Amino acid sequence: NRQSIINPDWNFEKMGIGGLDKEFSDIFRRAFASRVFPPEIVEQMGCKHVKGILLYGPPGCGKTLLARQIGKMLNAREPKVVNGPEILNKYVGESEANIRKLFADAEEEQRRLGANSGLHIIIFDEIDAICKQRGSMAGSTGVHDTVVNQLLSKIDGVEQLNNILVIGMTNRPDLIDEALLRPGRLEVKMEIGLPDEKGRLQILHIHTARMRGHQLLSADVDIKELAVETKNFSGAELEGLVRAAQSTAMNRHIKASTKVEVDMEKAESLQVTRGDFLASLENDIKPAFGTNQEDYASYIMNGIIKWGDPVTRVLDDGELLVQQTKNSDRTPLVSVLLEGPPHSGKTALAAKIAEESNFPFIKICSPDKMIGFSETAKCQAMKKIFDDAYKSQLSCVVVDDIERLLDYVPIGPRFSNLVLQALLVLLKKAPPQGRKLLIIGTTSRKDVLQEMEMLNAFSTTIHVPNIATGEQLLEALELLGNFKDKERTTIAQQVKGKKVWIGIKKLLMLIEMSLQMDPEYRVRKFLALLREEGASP
Amino acid sequence: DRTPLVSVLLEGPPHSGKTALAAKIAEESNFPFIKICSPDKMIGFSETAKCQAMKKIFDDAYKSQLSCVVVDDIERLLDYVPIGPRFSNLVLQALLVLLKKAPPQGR
Ligand SMILES: Nc1ncnc2c1ncn2[C@@H]1O[C@H](COP(=O)(O)OP(=O)(O)OP(=O)(O)O)[C@@H](O)[C@H]1O
Ligand SMILES: Nc1ncnc2c1ncn2[C@@H]1O[C@H](COP(=O)(O)OP(=O)(O)OP(=O)(O)O)[C@@H](O)[C@H]1O
Ligand SMILES: Nc1ncnc2c1ncn2[C@@H]1O[C@H](COP(=O)(O)OP(=O)(O)OP(=O)(O)O)[C@@H](O)[C@H]1O
Numbered sequence: 204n205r206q207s208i209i210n211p212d213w214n215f216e217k218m219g220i221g222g223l224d225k226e227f228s229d230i231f232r233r234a235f236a237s238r239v240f241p242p243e244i245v246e247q248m249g250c251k252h253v254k255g256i257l258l259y260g261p262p263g264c265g266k267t268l269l270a271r272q273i274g275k276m277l278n279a280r281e282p283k284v285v286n287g288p289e290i291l292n293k294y295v296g297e298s299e300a301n302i303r304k305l306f307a308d309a310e311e312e313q314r315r316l317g318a319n320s321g322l323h324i325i326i327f328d329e330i331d332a333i334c335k336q337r338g339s340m341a342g343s344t345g346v347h348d349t350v351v352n353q354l355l356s357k358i359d360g361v362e363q364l365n366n367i368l369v370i371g372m373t374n375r376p377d378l379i380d381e382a383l384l385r386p387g388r389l390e391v392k393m394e395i396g397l398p399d400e401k402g403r404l405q406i407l408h409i410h411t412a413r414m415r416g417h418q419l420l421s422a423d424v425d426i427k428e429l430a431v432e433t434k435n436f437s438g439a440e441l442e443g444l445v446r447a448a449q450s451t452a453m454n455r456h457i458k459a460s461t462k463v464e465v466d467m468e469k470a471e472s473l474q475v476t477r478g479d480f481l482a483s484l485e486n487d488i489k490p491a492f493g494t495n496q497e498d499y500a501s502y503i504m505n506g507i508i509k510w511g512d513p514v515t516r517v518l519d520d521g522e523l524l525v526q527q528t529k530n531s532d533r534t535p536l537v538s539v540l541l542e543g544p545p546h547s548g549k550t551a552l553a554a555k556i557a558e559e560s561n562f563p564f565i566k567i568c569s570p571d572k573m574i575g576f577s578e579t580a581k582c583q584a585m586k587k588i589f590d591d592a593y594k595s596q597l598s599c600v601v602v603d604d605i606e607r608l609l610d611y612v613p614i615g616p617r618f619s620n621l622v623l624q625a626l627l628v629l630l631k632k633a634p635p636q637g638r639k640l641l642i643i644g645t646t647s648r649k650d651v652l653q654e655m656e657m658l659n660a661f662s663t664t665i666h667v668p669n670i671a672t673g674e675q676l677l678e679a680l681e682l683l684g685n686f687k688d689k690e691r692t693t694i695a696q697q698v699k700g701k702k703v704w705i706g707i708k709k710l711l712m713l714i715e716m717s718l719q720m721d722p723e724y725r726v727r728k729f730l731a732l733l734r735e736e737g738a739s740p
Numbered sequence: 532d533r534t535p536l537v538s539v540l541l542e543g544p545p546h547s548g549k550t551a552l553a554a555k556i557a558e559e560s561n562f563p564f565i566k567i568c569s570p571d572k573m574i575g576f577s578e579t580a581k582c583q584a585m586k587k588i589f590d591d592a593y594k595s596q597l598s599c600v601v602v603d604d605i606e607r608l609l610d611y612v613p614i615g616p617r618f619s620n621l622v623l624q625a626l627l628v629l630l631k632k633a634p635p636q637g638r
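Chains E and D supply the protein sequences, listed in that same order. Residues in the first sequence are numbered from 204 upward in steps of one, following the authors' numbering. Residues in the second sequence are numbered from 532 upward in steps of one, following the authors' numbering.
Right, dumping it as structure tokens:
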């Protein structure tokens, strides 16, 4: 006999697994090298084969698809599939009999024909329902322990059986019995991670090819655009997106308020447009998990307007700092402080500076999540964030509204002390070797921080000014453009007399409040407001 | 549309009728969601209880597309007494945080 171990009519393309391919190459190299090679060389070498494969990873990836495909790829006895904990039975000693029934046939075949038999595949799905720790599973009955012991004794006992392949997949590997996770049993273990950009492109092509073939897909569709937009989608979500888009297109030809009807004409004219894809992205499907999903639209609701010189100066300084921290050896840690009068946009400029930087790891720590936290929880949250930041090669973090992060209030003073000591030490310590860290701080009250003796721990400070000249006020108004030229001249005629001191966050409020009155009283009302509230140096 | 959050502080001498003028304005609003967070419903609570209650009310108030909420007798909500003075710090930080948080988009 010259039985082959691979189906001659096989191709890696038809398997359709997408971005795993390096994982699949590793699996093949380890699991089947011993069998592909011709007999005499291995006979001389006398190398045993591996028996147990363990696949693990988060929900919705290849794993079941991959196991179904591996089972299909070989040309041998059909696999026997076990769907989770269907082994358990209500009589004493009925579980072990069931388990051994699986391997009985392989034992017999090996014993009869010797070393020239075929291959048998046993696929354990949801293996964590069975092989939980015998030292941890509930003490109410033996059966879980005796099942584990039966499996361990049978997979690699005193009698040597070396013609069986057992495949396992799970979600929480660390619970599995370590005596099962040792060479010669379940030995190769691999992580099926979330797909990268290229993998997304592959998956999309695989699911779109058939529709392409018949010219149902409209030519405007740009797959690469879709790939770029879709961040953290898994394979399952990537399929569901396409399904939802097709459904949105197909529904267009059905009536269903009165008794259902379908147009036998337009049934011939169906196509999917890119607009359906856009629509499905926001209404129907949402990606779970993922890292980022930042709502910068909530931190920077109005973008920026370059109402004068200082905005550019500030942004230039921030860019310089980023560039420096990018390429340096002596000083792997850099810390910058932003401060100025209240209502001056201190947060928006910080967030924009961060976003222009293109570091892989960008996170903002803010008190708005921490409402009612004790003096302990805050420490935990901060420690967690910085631990995360230390993993990635490059990381930039923003700590905003320090004064509210301390619970400061002027009557005592009163503040939390633990938080301040944690903040000082976390600012001081250097990151792990070869990584680099940037920290951007925001505060309203410089002098207080100076008093607490933490101003020194920052490397440098940046001053964010507010509007100082009436000319700048006029320019900011023009950039907003909420008033007509005649109103502009009317304002100018009086405003030019004296300088003004007002922060832009208050400017917007005043404008909005002024718009509410009748047209003939707007200007005057505005003026009155600017007069009454603007009294300040 | 550009000022999703608006705040107003009714103020005056004692025994003058602040709470009533206030709940009359809320009634005439005719908004979909209206709530009143008075201090007399939480007699004998500690700090964490108060924080949780207020947090719950605002979390529900973000679910309607528009809402009105009344916070009357601040002076009693945070336990102030002239001798000292003494007060709860936690409640005050809660207020100063919640007054500056924009709701979810479009609300
Ligand atoms: N890498 C991928 N390439 C192509 N299709 C994929 C990929 N990952 C998942 N899919 C598709 O999404 C679905 C994944 O189902 P599958 O059972 O493999 O997920 P799983 O996470 O292994 O299952 P479980 O939830 O039990 O862990 C299938 O429709 C499959 O075709
Ligand atoms: N040039 C600008 N710079 C910054 N923000 C601007 C500018 N023009 C308009 N804005 C808008 O004004 C808002 C000002 O409010 P914001 O909370 O950002 O300011 P802040 O100075 O950090 O606040 P606070 O005084 O509460 O600390 C910004 O969020 C942005 O929406
Ligand atoms: N024109 C009015 N304005 C306000 N309240 C009025 C008026 N006419 C009658 N009232 C009545 O006056 C009472 C005002 O009591 P209320 O509790 O509002 O006073 P308050 O000053 O808010 O209480 P406190 O002194 O404890 O703060 C209510 O019963 C209200 O109906």
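All residues carry an ideal CB built from backbone N, CA and C; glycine is no exception.
When every heavy atom of ligand 2 is checked, does at least one fall within less than 7 Å of the C-beta of residue i?
i      : result
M504/E : yes
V537/E : no
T550/E : yes
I488/E : no
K631/D : yes
Work out the CA separation of residue j and residue i for me, nearest whole Å.
i             : j      : result
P570/E        : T672/E : 34 Å
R280/E        : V465/E : 47 Å
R413/E        : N204/E : 41 Å
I507/E        : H546/E : 15 Å
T349/E        : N292/E : 13 Å
residue 746/E : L518/E : Because residue 746/E is not part of the residues shown, which for chain E are 204 to 740, the question remains open.
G575/D        : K702/E : 53 Å
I707/E        : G548/E : 7 Å
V651/E        : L682/E : 36 Å
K458/E        : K587/D : 44 Å
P398/E        : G222/E : 6 Å
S421/E        : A470/E : 16 Å
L621/D        : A270/E : 55 Å
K509/E        : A500/E : 19 Å
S595/D        : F589/D : 11 Å
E736/E        : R691/E : 20 Å
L536/D        : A633/D : 7 Å
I208/E        : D487/E : 45 Å
Less than 7 Å separating the Cβ of residue i from some heavy atom of ligand 3?
i      : result
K572/D : no
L597/E : no
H666/E : no
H546/E : no
Taking the alpha carbon of residue i as the point to measure from, which residue in the options has its own alpha carbon closest?
i      : options                        : result
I605/E : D721/E, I567/E, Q696/E         : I567/E
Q697/E : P386/E, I208/E, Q719/E, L733/E : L733/E
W704/E : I302/E, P740/E, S437/E         : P740/E
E468/E : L378/E, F661/E, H456/E, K254/E : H456/E
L609/D : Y593/D, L623/D, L597/D, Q583/D : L623/D
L552/E : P513/E, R533/E, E723/E         : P513/E
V539/E : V600/E, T579/E, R516/E, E578/E : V600/E
Which partner residues does residue i have in the DSSP bridge list?
i             : result
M393/E        : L258/E
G644/E        : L540/E, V602/E
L420/E        : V475/E
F564/E        : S598/E
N286/E        : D328/E
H323/E        : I367/E
residue 167/E : The requested residue 167/E does not occur in the structure, where chain E is confined to residues 204 to 740.
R516/E        : DSSP lists no partner for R516/E.
Using 7 Å as the cut-off, classify the Cβ of residue i as near or not near the heavy atoms of ligand 1, replying yes or no.
i      : result
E442/E : yes
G684/E : no
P398/E : yes
How about residue i: is its Cβ closer than 7 Å to a heavy atom in ligand 4?
i      : result
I508/E : Absence of ligand 4 from the depicted structure is noted, with ligand 1, ligand 2 and ligand 3 being the only ligands included.
- At least 3 beta-carbon pairs within less than 8 Å: the segment 554 to 562 of chain E vs the segment 667 to 687 of chain E: no
- Message: Does the structure place the segment 305 to 314 of chain E close enough to the segment 361 to 370 of chain E that three or more beta carbon pairs sit under 8 Å?
- Response: yes
- Task: Would you check if there are 3 or more beta carbon pairs closer than 8 Å linking the segment 434 to 444 of chain E to the segment 400 to 413 of chain E?
- Result: yes
- Count the C-beta pairs between the segment 329 to 339 of chain E and the segment 267 to 283 of chain E that are closer than 8 Å, then say yes if the count reaches three, no if not. no
- Query: Per the contact definition of three or more C-beta pairs closer than 8 Å, is the segment 442 to 459 of chain E in contact with the segment 470 to 489 of chain E?
  - Reply: yes
- Counting pairs of Cβ atoms below 8 Å between the segment 479 to 499 of chain E and the segment 430 to 438 of chain E, do you hit three or more? yes
- Task: Pair every Cβ in the segment 239 to 247 of chain E with every Cβ in the segment 350 to 359 of chain E, then say whether three or more of these pairs are closer than 8 Å.
- Result: no
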